[PDB]
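One structure is given here, and the rest of the page talks about it.
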Amino acid sequence: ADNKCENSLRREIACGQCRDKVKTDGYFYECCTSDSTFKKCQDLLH
């Protein structure tokens with residue numbers, strides 16, 4: 001898929017945080033193109 005975050009600044013800023021917390025390389029690029037993966041990240045930030 002394409003980089004959704006590239007179009008949504010919020011999605012980019014959000015993934016950036018989880019990328020560090022989750023401590024998983026590629027996570028940022030994964031959640032950016034993964035609606036399901038965002039669910040988990042949404043819980044952590046919550």
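Identifiers in the structure tokens: chain A, B, ... in order shown; residue index from 1 per chain; ligand index from 1 in order shown.
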
Problem set entry | Contact residues around region 24-32 of chain A with only C-alpha atoms at 8 Å, ignoring same-chain residues under 3 positions, as a PyMOL selection string | chain A and resi 3-5+11-12+15-16+18-20+35-38

Residues from last step as file, N, CA, C and O atoms, as an mmCIF file, in the first residue's frame:
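In the end it all went to out_11.cif:
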```cif
data_model
loop_
_atom_site.group_PDB
_atom_site.id
_atom_site.type_symbol
_atom_site.label_atom_id
_atom_site.label_comp_id
_atom_site.auth_asym_id
_atom_site.auth_seq_id
_atom_site.Cartn_x
_atom_site.Cartn_y
_atom_site.Cartn_z
ATOM 1 N N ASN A 3 1.908 5.275 1.382
ATOM 2 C CA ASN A 3 2.156 5.890 2.681
ATOM 3 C C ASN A 3 1.014 6.826 3.067
ATOM 4 O O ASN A 3 1.054 8.023 2.778
ATOM 5 N N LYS A 4 -0.001 6.274 3.721
ATOM 6 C CA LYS A 4 -1.154 7.058 4.148
ATOM 7 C C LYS A 4 -0.714 8.278 4.951
ATOM 8 O O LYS A 4 -1.247 9.374 4.776
ATOM 9 N N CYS A 5 0.263 8.082 5.830
ATOM 10 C CA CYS A 5 0.775 9.166 6.660
ATOM 11 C C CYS A 5 1.222 10.345 5.799
ATOM 12 O O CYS A 5 1.077 11.501 6.191
ATOM 13 N N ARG A 11 -1.512 11.052 11.247
ATOM 14 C CA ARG A 11 -1.138 9.644 11.191
ATOM 15 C C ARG A 11 0.378 9.480 11.271
ATOM 16 O O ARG A 11 0.877 8.511 11.841
ATOM 17 N N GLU A 12 1.101 10.436 10.697
ATOM 18 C CA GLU A 12 2.559 10.397 10.704
ATOM 19 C C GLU A 12 3.106 10.694 12.097
ATOM 20 O O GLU A 12 3.990 9.993 12.590
ATOM 21 N N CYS A 15 2.182 7.632 14.467
ATOM 22 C CA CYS A 15 3.022 6.460 14.247
ATOM 23 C C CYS A 15 4.433 6.695 14.777
ATOM 24 O O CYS A 15 5.054 5.795 15.341
ATOM 25 N N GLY A 16 4.935 7.913 14.591
ATOM 26 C CA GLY A 16 6.269 8.244 15.056
ATOM 27 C C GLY A 16 6.470 7.918 16.523
ATOM 28 O O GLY A 16 7.515 7.397 16.911
ATOM 29 N N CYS A 18 4.542 5.766 18.541
ATOM 30 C CA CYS A 18 4.435 4.324 18.735
ATOM 31 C C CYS A 18 5.683 3.612 18.222
ATOM 32 O O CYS A 18 6.084 2.578 18.758
ATOM 33 N N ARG A 19 6.293 4.172 17.183
ATOM 34 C CA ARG A 19 7.494 3.590 16.597
ATOM 35 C C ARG A 19 8.597 3.452 17.643
ATOM 36 O O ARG A 19 9.355 2.481 17.635
ATOM 37 N N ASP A 20 8.679 4.427 18.540
ATOM 38 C CA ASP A 20 9.688 4.414 19.593
ATOM 39 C C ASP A 20 9.245 3.537 20.760
ATOM 40 O O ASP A 20 10.005 2.698 21.245
ATOM 41 N N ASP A 35 -4.287 -0.546 8.817
ATOM 42 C CA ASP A 35 -5.396 -0.039 9.618
ATOM 43 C C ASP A 35 -5.550 -0.846 10.903
ATOM 44 O O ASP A 35 -5.888 -0.300 11.954
ATOM 45 N N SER A 36 -5.300 -2.148 10.812
ATOM 46 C CA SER A 36 -5.417 -3.032 11.967
ATOM 47 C C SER A 36 -4.300 -2.762 12.971
ATOM 48 O O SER A 36 -4.539 -2.686 14.178
ATOM 49 N N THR A 37 -3.079 -2.616 12.466
ATOM 50 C CA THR A 37 -1.926 -2.357 13.317
ATOM 51 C C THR A 37 -2.110 -1.072 14.116
ATOM 52 O O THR A 37 -1.562 -0.924 15.209
ATOM 53 N N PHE A 38 -2.887 -0.145 13.566
ATOM 54 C CA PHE A 38 -3.145 1.128 14.229
ATOM 55 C C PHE A 38 -3.985 0.928 15.486
ATOM 56 O O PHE A 38 -3.841 1.658 16.467
#
```

Problem set entry | DSSP-assigned alpha helix (DSSP H) among chain A, expressed as a VMD selection string | chain A and resid 4 to 7 9 to 21 27 to 31 35 to 45

Go ahead and write the selection's residues with C-alpha atoms as a compact mmCIF listing (two decimals), in the first residue's frame.
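Final output, saved to part16.txt:
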```txt
# COMPACT_ATOMS: atom_id res chain seq x y z
CA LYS A 4 -1.15 7.06 4.15
CA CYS A 5 0.77 9.17 6.66
CA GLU A 6 2.23 11.07 3.71
CA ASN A 7 -1.26 12.50 3.23
CA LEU A 9 0.11 14.60 9.16
CA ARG A 10 -1.69 13.26 12.23
CA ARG A 11 -1.14 9.64 11.19
CA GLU A 12 2.56 10.40 10.70
CA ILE A 13 3.01 12.13 14.06
CA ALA A 14 1.06 9.34 15.77
CA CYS A 15 3.02 6.46 14.25
CA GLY A 16 6.27 8.24 15.06
CA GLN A 17 5.54 7.96 18.77
CA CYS A 18 4.44 4.32 18.74
CA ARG A 19 7.49 3.59 16.60
CA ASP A 20 9.69 4.41 19.59
CA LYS A 21 7.46 2.96 22.32
CA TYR A 27 6.51 -0.36 12.71
CA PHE A 28 6.16 3.26 11.60
CA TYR A 29 5.94 2.18 7.96
CA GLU A 30 3.71 -0.74 8.94
CA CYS A 31 1.07 1.22 10.85
CA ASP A 35 -5.40 -0.04 9.62
CA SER A 36 -5.42 -3.03 11.97
CA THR A 37 -1.93 -2.36 13.32
CA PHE A 38 -3.14 1.13 14.23
CA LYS A 39 -5.73 -0.37 16.59
CA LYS A 40 -3.05 -1.62 18.98
CA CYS A 41 -1.01 1.58 18.74
CA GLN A 42 -4.21 3.50 19.52
CA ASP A 43 -4.57 1.56 22.78
CA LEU A 44 -1.01 2.27 23.89
CA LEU A 45 -1.27 6.01 23.28
```
